[PDB]
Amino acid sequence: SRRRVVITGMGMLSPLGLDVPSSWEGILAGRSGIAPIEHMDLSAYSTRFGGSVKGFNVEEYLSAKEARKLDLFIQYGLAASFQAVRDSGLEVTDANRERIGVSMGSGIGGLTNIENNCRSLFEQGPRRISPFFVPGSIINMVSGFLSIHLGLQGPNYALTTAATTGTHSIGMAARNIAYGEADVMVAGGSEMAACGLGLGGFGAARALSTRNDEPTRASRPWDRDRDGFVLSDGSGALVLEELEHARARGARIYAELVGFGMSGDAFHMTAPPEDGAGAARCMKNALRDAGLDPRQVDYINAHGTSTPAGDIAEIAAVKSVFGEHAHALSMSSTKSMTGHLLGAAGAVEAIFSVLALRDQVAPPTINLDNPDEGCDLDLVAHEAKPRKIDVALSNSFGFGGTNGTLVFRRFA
């Protein structure tokens, strides 16, 4: 029926590094990217730390002139996208430009730009609003600007599914390729929600960790003293490519994208069901899509946000799907180190899943000092674990009960 999809390029901005290799080095070393926020005064907020991108220079990617019209989340998405395309070695021509598209998403988009324009509006009226405000702030402009810069004329769209955005973006891009609508897609997500509205909005819901005294210990998935997620910024992008297309041009293949599953909890606007039933259906859908039995899974990059309800639901879901094999696989949350990159989480975590396959190493869950009741799987506590990994699964779950799972496999 359908064509095979491989990963030929990757790119990233994260709290651990300004590219993929630097981020991954941090991941394998168990390094935290979390620190007190420097770019605003959070004296009035109950959370004053997060995962910032440190030392980003947009002028590596864009002229200063172009960059000034774009919200940070667009700058970040473009940086990761450009990295991924260069990493792939793909040359865009008239013969293929209609076959190359883009699906880069975001959970909340240009919140910083909105906040700044809203200050001008209230203080001075609508005349001080930027002419570039709309195109420089809306979520589909990563896809838009990337297509313009690289001459990409294929399917051009953007997902916004909260914390599931990056996973859905990659999965649906893979579908485009499998079904023949494109031969190449740049896919993933980006987020920069570290502004007053973001910190204040999540804080108002009491969803964020408030461990201001020890920011690097705040994100502690499955630990009994977890107290909410850590807000982080950045971007991940992957070049997905039809297999024969990749082979014909001698592309370096990182891994194969073999499965994509989706589900809805239909339970609650922000909380998962305690048994993770929706997450279970999603993982099973992804495995069925990949033609894999649960027992063939070696590594799970969990969603693992460090929220009370979320973390335990994901354990329940994994035990339901995997049975006894739940105790043979390794499962880790790299959010322990990166925090929660929101709409970018699924994108950077897809990249980490691919690199786990490349390097045959399960990244750690740092800060897992005291696993909570029932959190008795191999959660790769504290230190990276070299091991055999043929199949890696990556989960994302989001507000609205919206679930996504990707399955990657070593490529021969």
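Residue indices: 1-based, along the sequence shown.
Chemist: Should the higher mean CA B-factor in the entry be assigned to 348-356 or to 368-376?
Modeler: It is 368-376.
Chemist: On mean Cα temperature factor in this entry, is 136-144 or 109-117 the higher one?
Modeler: Result: 109-117.
Chemist: Highest Cα B-factor in the deposition, which of 223, 191, 314, 242?
Modeler: Highest CA B-factor of the listed options: 242.
Chemist: Out of 196, 155, 234, 228, whose C-alpha atom has the biggest B factor in the entry?
Modeler: Checking the PDB record, the top C-alpha B-factor among 196, 155, 234, 228 is at 196.
Chemist: In terms of the CA temperature factor given in the entry, to which third of its chain does residue 37 belong: lowest, middle or highest?
Modeler: According to the entry, residue 37 has a C-alpha B-factor in the chain's highest third.
Chemist: Could you place residue 250 in the lowest, middle or highest third of its chain by Cα temperature factor, using the values in the record?
Modeler: For residue 250, whose C-alpha B-factor we compare with every modelled residue in the chain, the answer is the highest third.
Chemist: Among all modelled residues of this chain, ranked by Cα B factor, put residue 74 in the bottom, middle or top third, i.e. lowest, middle or highest.
Modeler: For residue 74, whose C-alpha B-factor we compare with every modelled residue in the chain, the answer is the lowest third.
Chemist: Can you work out whether the C-alpha temperature factor of residue 328 puts it in the lowest, middle or highest third of the chain?
Modeler: It falls in the top third of the chain.
Chemist: Please place residue 179 in the lowest, middle or highest third of its chain according to the CA B-factor in the PDB entry.
Modeler: It belongs to the highest third of the chain when residues are ordered by C-alpha B-factor.
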